[PDB]
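Architecture and fold: a report
Here are the chains, one letter per residue:
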Amino acid sequence: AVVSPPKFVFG
Amino acid sequence: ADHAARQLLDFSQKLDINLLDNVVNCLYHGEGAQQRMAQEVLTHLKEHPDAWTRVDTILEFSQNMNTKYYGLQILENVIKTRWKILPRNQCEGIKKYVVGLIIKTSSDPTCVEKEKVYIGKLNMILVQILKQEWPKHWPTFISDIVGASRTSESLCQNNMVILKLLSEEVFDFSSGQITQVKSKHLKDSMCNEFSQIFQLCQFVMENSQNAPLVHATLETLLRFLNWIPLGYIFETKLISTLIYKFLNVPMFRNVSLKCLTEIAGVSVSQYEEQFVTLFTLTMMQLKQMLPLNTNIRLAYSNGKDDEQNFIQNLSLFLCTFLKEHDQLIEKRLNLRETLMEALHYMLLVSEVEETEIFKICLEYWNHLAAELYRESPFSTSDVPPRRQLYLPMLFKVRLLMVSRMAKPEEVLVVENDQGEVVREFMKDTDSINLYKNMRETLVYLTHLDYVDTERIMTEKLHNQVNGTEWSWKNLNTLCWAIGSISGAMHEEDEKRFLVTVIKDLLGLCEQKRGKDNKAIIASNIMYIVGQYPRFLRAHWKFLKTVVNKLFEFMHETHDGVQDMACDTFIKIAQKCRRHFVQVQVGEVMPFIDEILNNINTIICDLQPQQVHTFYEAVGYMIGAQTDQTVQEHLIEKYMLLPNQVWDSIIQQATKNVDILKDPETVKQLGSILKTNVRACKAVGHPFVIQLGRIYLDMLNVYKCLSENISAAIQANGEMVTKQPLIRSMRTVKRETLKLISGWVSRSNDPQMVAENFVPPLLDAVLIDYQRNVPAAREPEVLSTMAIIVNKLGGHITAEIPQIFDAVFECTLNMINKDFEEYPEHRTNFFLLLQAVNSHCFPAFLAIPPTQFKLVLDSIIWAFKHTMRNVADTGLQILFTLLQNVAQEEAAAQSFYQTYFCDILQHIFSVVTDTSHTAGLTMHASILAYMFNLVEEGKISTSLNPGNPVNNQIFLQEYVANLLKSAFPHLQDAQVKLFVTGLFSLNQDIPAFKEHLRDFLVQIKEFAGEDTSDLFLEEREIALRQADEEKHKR
Amino acid sequence: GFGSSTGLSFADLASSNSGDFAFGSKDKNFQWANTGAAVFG
Amino acid sequence: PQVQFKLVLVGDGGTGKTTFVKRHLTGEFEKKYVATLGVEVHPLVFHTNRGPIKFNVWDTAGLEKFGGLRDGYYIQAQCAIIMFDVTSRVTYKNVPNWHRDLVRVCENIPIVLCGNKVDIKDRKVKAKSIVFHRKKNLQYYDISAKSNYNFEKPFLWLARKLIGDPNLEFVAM
Ligand SMILES: Nc1nc2c(ncn2[C@@H]2O[C@H](COP(=O)(O)OP(=O)(O)OP(=O)(O)O)[C@@H](O)[C@H]2O)c(=O)[nH]1
Ligand SMILES: [Mg+2]
């Protein structure tokens, strides 16, 4: 993936 | 005493001179609120119509000289504005009163000596009366004033002052203050009668024995020389009189030399023997007062202001005359000695330690060097005929350039709004220009003869090593001179010269004792090495040794050594980036791999900004790796330590987001983001690996910090923005935005960017910007998007509605209350609007008509600002929007019918305002484009819904009514003339701009029913000629 | 009117004096102070 | 301070006169543009090696609407700074007019021509094109109220000229 998924997700 | 002060405005009883004197003294001798109160009272009194009637009392009773000046100010304002509406009797009375005062106060030496300012104001008032009334109603002013100048020497001096003031106000400061027709009329009238005010000057300069009178005559001649016909200069004995009677007198040196400089600047062929005799005579009169064996350096250093002014004027004269008539001087063979002596004077004045004088001399030196180089760019052998003249003195110029070389770089330590001290490299200052001029001159001279320059530099270097001339500044100057001539020699000559220079410098480094001397010598060696990248590229062992030595200096705690190492390393990396990635002879691996393997041991002792510089320098070496997989591996290994720290922080935050409030982790995040910004700048598009690795985590931390800042500011007010933690959070946000915009600016795949990196911004950065309180919003968000829109353009046109719904409404509501608050938001908002208009115009066809009306209203609001940048951006946006709408003939008619009149009305509203004249040029364009756009019949639909009428008639009536109602004091004739000019000069922008300036001048004065200054016939003929020329095209 | 004045005028002054000037006539052996002095010293 | 000198700060509007004075007065940089109405008098105090030197700076208004008693602000002035903007050519084209108004009242006073806003990359008035000060024998300095570039050079030159001490220098105290 060109953009990796977020380890830290801010709700 | 506010009531007492404001009583002056009653205009019911006789003026109280005591109160006026008291308020004026308070203005000029006030401490606090008293001074402001007096200023406000006086300003209100000055701008009261019919207040001029009291001036005749102020000048008769008041003794304080600062109140008579105030009365004269009131009188001058009335004369300038409402002269044409006063009755003839009052005009005659004012004229006679002013002339009588001038004659009375100018005939007594005591008063003229004492005041010196009241008399000047009276002279200016007389000059204003002349401009208003001179030729038409005062035919015999020149004959009378010249005739009256024969009655006394004090009268003659005052009359000379009056004449020079008139010449200045008619010929020098006429543009923007007098209409073109009136200015031309005055110029012709004064040029016709100048043959009589020139006999007076000749008689005074040849018979008068009064020093102030003759000095005044020369001072006025200096002004007359700007415009008088050349016949009065070169066909009489003016030059000889200036050279012999006044040049040698100490109290007339400066003004006489200024007159001679004005004469010498005339470039004409009809007179060439007069220029030849202007030079030989001046030079012979100059070596009797400034001997060739004089040390102008020391003499100027400790000398009076008159002598320093004379030295500057002499430099100006020599530079001007040589630049103009060097060819004439060279043609004559018997004048060779005089030319050599003039060049010797130029060399002597070049030693003075004054920046302005040295620049004056350096421009001539650069001119001569460029001329000689363009004659023949090859080294001396035959020799070109013109170069042989200057051969005996070119080595002196080379020595001068090598000896006084200027510092190449200008570094300034500046702290931004967040208290972060950084080193800025000023780029286009005056010092950089000086260094560039010196470098260019020395490079030209070296091309003319490289052996002599090499000899000079070698001799200076030898003088440094033996110690007879050792000094830090001397060595720095020598090394700057050596580094300035990089590339001016053949490769082998440069190689030998560099070997000699570097060997000698290394030998001197060990000789000198102390850490500071060795540091200076090493810094100079590294500067020289970094300025000759060709030598480094040729030889690999030396380049590797230099890089290793730089790495060793990065552990040096001595001040200024690590910075020097980082600067030299970044220079070498930029210039020789391709010799690190590739495998060299005798090397099993590329040098970049060696640097990356042990990088934590190199930057261990560096400060954070030096670490950023090192990362940038290493990045410049990774963009030179053409291979894709190898470059990916390098980038992955090149960003290992920052990635480790970033992953640690992100993993820690995943457990609890409360850590991000800790200042230490915020500082770490800011440093990591700065490193990433530098690496992206250095690498370019291939940095997409790192960017996509950290993108979403970066956005999430940005959102968290933005919410924290907004909550803090909302719950504690705007004062908290100066706390260290809020500053750190804002720094992190700005670095995130800088990284995103910087990578987007350097990408090479708009479709991929728009598909991957843009959509996250809308949710993370734009909606977050909308949700923040006005005092917590980042203006940079509005600029980042601009940089994206300028790049992706047509690929991001489908998301413009979302970006607008996010930012446009909130920003506009934030900046539509006044013209002062939130300057950064205004600038960036209108830059974003300009980007959208230029690159994504079809997005305006998707937004609702109400939102388009809001966009147009914001554009109109843009160019009503008094801030130049915002108004300029608004005018550019309006012009581009008109051009874009013109192309689409489908909706063009609807747009015209809806907004043409409104846009025209607003443009005329800002044009007739004195606070927007700085933008007049753009006003000339837009208006022209509009009027032309209606003269060619592009607006097919009628602009008047009432009935179908020709647009070129409806517009004329509309504009005439618009201007007449806004300025009712205008006559119908001149309004009609202005509208005709608008419709005629629409294809000649400079003429249109002059037309606008003339109208601005006209609207300031009340003409009543006087047509003596309108010159309707001449201007109508001019407009007809312009229209005919337009038709012919 | 505006402060009716009894002062003189340029036209009146010009009429009173003919073409002859009231200045000096370059008296014999007259030179300006420090005529020919060096710039520095 | 007992030694007081009157300084007249003239120039077009928006060139940065008020910001330039405020940086010296308090050290803070003003980012918003509020046009000066008439004149504002601010006392600045410098500590030279020879003692305190005080300038009563009369910061005037460059807009024609707010000129006030324009040339009446120059009476009894002892030094002047004409400021223009290097990012705007019109400001530099108007320097002759300000100089004319200034020298018609104050025949002989020290004058410094300051080109402000040199920290902006888009520079319109290039260094080579600034040649007005030569024939008028004025000093010239490129300054920047935002970056503190050549910040105190105008005042240092004016103090050296007024005091008469070429070897004068500012010492912070
Ligand atoms: N980028 C940059 N902006 C500056 C600099 N100096 C001043 N400015 C900006 O220029 C604007 C105008 O400056 P002011 O001093 O407020 O205006 P002024 O000189 O007093 O002009 P008037 O008040 O109209 O007579 C200010 O809002 C500053 O933000 C500078 O050195 N660099
Ligand atoms: Mg101001």
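Residues numbered from 1 in each chain as written, not as in the entry; some residues may be left out. Chains lettered and ligands numbered in written order. Part of a larger assembly, values for the part shown. Heavy atoms only, no water.

Structure determination for this PDB entry was carried out by cryo-EM, with a resolution of 2.9 Å recorded in the header.

Chain D carries the name GTP-binding nuclear protein Ran in the PDB entry, which gives Homo sapiens as its organism. Per UniProt, the comment on chain D under Catalytic activity is "GTP + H2O = GDP + phosphate + H(+)". According to the UniProt record, the Sequence similarities comment for chain D reads "Belongs to the small GTPase superfamily. Ran family." (UniProt positions renumbered as here; feature names shortened; annotations may be inferred.)

Per the PDB entry, the recorded name for chain B is Exportin-1, and the organism is Homo sapiens. Turning to chain B, the UniProt annotation filed under Sequence similarities states: "Belongs to the exportin family."

A few words on the overall build of chain D. Regarding its fold elements, chain D presents five helices and six strands. When the helices and strands of chain D are read in sequence order from the N terminus, they spell out β-α-β-β-β-α-α-β-α-β-α. Expected size for 173 residues packed as a compact globule is a radius of gyration near 16 Å; at 15 Å, chain D falls within 12% of this value. In terms of overall dimensions, chain D has C-alpha extents of about 40 × 35 × 35 Å along its principal axes. Counting every position in chain D, which comprises 173 residues, the buried fraction comes to 58%. The contacts of chain D with a sequence gap of at least 6 include a subset with a gap of at least 24, amounting to 72%. Accessible surface computed for chain D: about 7200 Å², of which carbon and sulfur atoms make up 50%. (Helix = DSSP H or I, 4+ residues; strand = E, 2+ residues; numbered from the N terminus. Rg over C-alpha atoms; globule rule 2.2 N^0.38 Å. Buried < 20%, exposed > 50% of the residue type's maximum accessible area, 1.4 Å probe, protein only. Contact = heavy atoms within 4.5 Å. Areas by Shrake-Rupley, 256 points an atom, 1.4 Å probe, with all protein chains shown as cover.)

The subject of this paragraph is the interface of chain B and chain D. The interface of chain B with chain D comprises 57 residues on the first partner and 47 residues on the second. Taking both partners together, chain B and chain D bury about 4400 Å²; carbon and sulfur atoms supply 49% of that area. As a salt-bridge pair, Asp305(B) and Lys161(D) come within 3.2 Å of each other at their nearest N and O atoms. Our enumeration of links across chain B and chain D arrives at 18 residue pairs in polar contact. (Buried area = accessible area lost by both parts, 1.4 Å probe. Salt bridge = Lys/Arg side-chain N within 4 Å of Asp/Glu carboxyl O. Polar contact = N/O pair within 3.5 Å; in protein donor to acceptor, adjacent residues only side chain to side chain.)

What follows concerns the interface of chain B and chain C. Facing the 55 residues of chain B at the interface are 34 residues of chain C. Of all elements in the fold, only α4 (55–61), α6 (88–106), α9 (141–148), α10 (153–172), α12 (199–207), α13 (211–224), α18 (296–301) and α19 (305–331) of chain B reach the threshold of two or more residues within the side of chain B that touches chain C. Sorting elements by how many residues they give to the side of chain B that touches chain C places α6(B) first, with ten residues. Partitioned by chemical class, the residues of the side of chain B that touches chain C number 30 nonpolar, 16 polar and nine charged. (Nonpolar A, V, L, I, M, F, W, Y, C, P; charged D, E, K, R; others polar.)

All names here are of chain B. Contact geometry for helix α43 (residues 823–839) and helix α44 (residues 849–862): axes closest at 11 Å, N-to-C directions at 130°. Taken together, the axes of α43 and α44 are oblique relative to one another. Here the hand of the crossing between α43 and α44 comes out left-handed. Counted together, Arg826, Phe829, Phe830 and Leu833 of α43 and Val855, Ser858, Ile859, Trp861 and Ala862 of α44 form the full contact between these two elements. Grouping the amino acids of the contact of α43 with α44 by side-chain chemistry returns seven nonpolar, one polar and one charged. (Axes fitted to C-alpha atoms, helices over the stretch in contact; angles between N-to-C directions. Parallel < 35°, antiparallel > 145°, perpendicular 65-115°, else oblique. Left-handed = near helix turned anticlockwise from the far one by under 90°.)

With that settled, consider the site of ligand 1. All names here are of chain D. Near ligand 1 you find 25 residues, and of these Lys17, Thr18, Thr19, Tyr33 and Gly62 are the closest. For ligand 1, an oxygen atom lies 2.8 Å from a polar atom in the backbone of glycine 16. A distance of 3.2 Å is found between a nitrogen atom of ligand 1 and a side-chain nitrogen or oxygen belonging to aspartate 119. Relative to its unbound accessible surface of 660 Å², ligand 1 loses 93% to contact with the protein. When residues in the shell around ligand 1 are grouped by element, the largest group, three residues, is from helix α1 (residues 17–26). In the shell around ligand 1, the residues fall into seven nonpolar, eleven polar and seven charged. (Near = heavy atom within 4 Å.)

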